[PDB]
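Each of two forms of one protein chain follows alone as structure tokens, named structure 1 and structure 2.
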Structure 1
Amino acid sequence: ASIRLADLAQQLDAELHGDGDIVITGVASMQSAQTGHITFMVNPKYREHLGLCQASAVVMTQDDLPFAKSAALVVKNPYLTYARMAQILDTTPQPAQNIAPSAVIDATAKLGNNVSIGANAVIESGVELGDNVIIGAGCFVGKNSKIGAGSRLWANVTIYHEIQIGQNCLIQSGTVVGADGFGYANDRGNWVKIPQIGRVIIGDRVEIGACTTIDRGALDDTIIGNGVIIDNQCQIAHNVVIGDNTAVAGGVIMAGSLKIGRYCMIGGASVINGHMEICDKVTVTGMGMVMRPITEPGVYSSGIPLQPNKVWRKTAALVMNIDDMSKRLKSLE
């Protein structure tokens, strides 16, 4: 909690300009910060707003320092410095503290040192929890599943059998990992189930949001690269493969057997077709209708934005009949 500004500036490799004996109690926004609070500023436009901010210290760039109206920590990337200093003064609790007796742990489960299991959490057989692992309350970890060192589950997370989670991963509540993929063969109208015997491999330093679903593979595995981040309400179907350090926002639906490359950034509520591949360093804007593969990096977009209803009604009808007008235009030529 409470720390000294000068010491804090050292841990952030920052340029302390002002009283170093200033005691910082926490982090806050410009709008809201008071005394004991350190904040930051990423946009140059909010330079004037520094004279309305009751914060003790503001993280800015060297070119912002003339505008400073308080103590200042200068850096190259205020936003990254915010991330770091926020971690130091992080008020966030843990999913649990050590092993709750309320839990139901199978005798064959192999625990690391300093493992925590939440209340009424259920661990199946053959499960291996690494060192400093934290299982939130009401969680369920399936048979023979591996969770790497320092990884943590919030309350009510579901991990199926044979799942492999790397080191220092975080999973928010409601999320389900390793459920049957949507695999069905058709016999004369009837659906015959295709047992999904693949798994989910999750790399290191992967963070998944809440109420997200990553299905196990049909035969081979579903793989999440390292340093990957996924938001809430995402659907990641069987046999999808995601490259290291890729980002997926909220509400993304991925079809099966999709390969997403490294350092991609998938916009929210986007919808991605399957059995195809996306190259490295691709950015799909929100609500992206990704019907085709993407071979070259860059930004891709789709979807007509909002219009007033009466305007839309007429916009929609003309597009639906755009072929008719394309023809009566071709004739006019």
Structure 2
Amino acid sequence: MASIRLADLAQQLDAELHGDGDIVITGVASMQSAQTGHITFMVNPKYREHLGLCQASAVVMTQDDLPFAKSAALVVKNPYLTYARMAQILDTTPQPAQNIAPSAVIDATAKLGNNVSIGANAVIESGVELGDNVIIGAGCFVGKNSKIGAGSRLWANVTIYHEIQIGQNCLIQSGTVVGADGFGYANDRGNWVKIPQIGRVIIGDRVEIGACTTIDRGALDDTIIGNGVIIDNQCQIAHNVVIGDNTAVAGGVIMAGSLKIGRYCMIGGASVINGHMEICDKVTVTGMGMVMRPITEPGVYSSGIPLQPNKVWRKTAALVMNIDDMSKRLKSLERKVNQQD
């Protein structure tokens, strides 16, 4: 199962074979570390200088690169997208579980599709439904009445709370928490009153969520993750956030309550986003974005003063904090020269 032939792979990748079609390929690697049996690629500009010393058994390349080839070669229009596909074909990643661990704790009321795997010490609460081909990693928790769509996989130690819905073909990395009670509290004077959070989380199809990420459930209504959304490690998604289709949310993003984010957005790492607010389609937020105001026009947005050497920074911070006195000095000369000629 590990290995297939170059010709057979060319067929599946839709590439023109140019070397010997019977090379036995065992895996993908990078140009630098590739050994015999490995296939590689260069999206690379200029690294075709060094194909002669690359030890890979075949190299996915562009037609323009072919003159430079020094081994079997697969010619395509897009070498990077071909890489994605062939790494899937040759994926070494295990599954989080296989079959049902005798040590799993499965409520008698839970409903299981065909070909479902549940790992050791995983806990499945009452009324849970898991579709066909679902895989639940070891140590997972799946709260009451939750639903997990066919094809979806949880890695080890994921926490899904109750009344959560998860789409098809989703992937959730370890340590992640879905549907924790939202940060919402009443008040008299001083001390707080907890408002039960009876909303849910609805997660679309083909959603990928990274590790140690937290997705709070909504107050009354739902917090919603659209189809094909990708979210990296350690994001905070507040109650009632809505994230549109194919939005990418990088690592460490902090997103406040009732934020609506359009489709095709790119939110950069460590961005902090104000809540009860809206960000339109096709907005891009640079790394460390401070998003206080609603974004109503597409395009790319940014904030922050990048790093500088300490000696230099100290002056910069000090003048910034006195931009006021520096402002006024300016208007005083702007007046001294206006009237007095």
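In this text, rigid core is short for the largest set of C-alphas that superpose within 1.5 Å between two forms. For numbering, take structure 1's sequence and count from 1.
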{"item": "Exceeds or equals 2 Å, Cα of residue 27 between structures 1 and 2, core fit", "value": "no"}
{"item": "Cα displacement of residue 308 between structures 1 and 2 reaching 2 Å, rigid core superposed", "value": "no"}
{"item": "Rigid-core frame, C-alpha of residue 275, shift of 2 angstroms or more between structures 1 and 2", "value": "no"}
{"item": "Cα displacement of residue 135 between structures 1 and 2, once the rigid core is superposed (Å)", "value": "0.4"}
{"item": "Once the two forms are fitted on their core, CA shift of residue 72 between structures 1 and 2 in Å", "value": "1.6"}
{"item": "Following rigid core superposition, Cα shift of residue 47 between structures 1 and 2 in Å", "value": "3.0"}
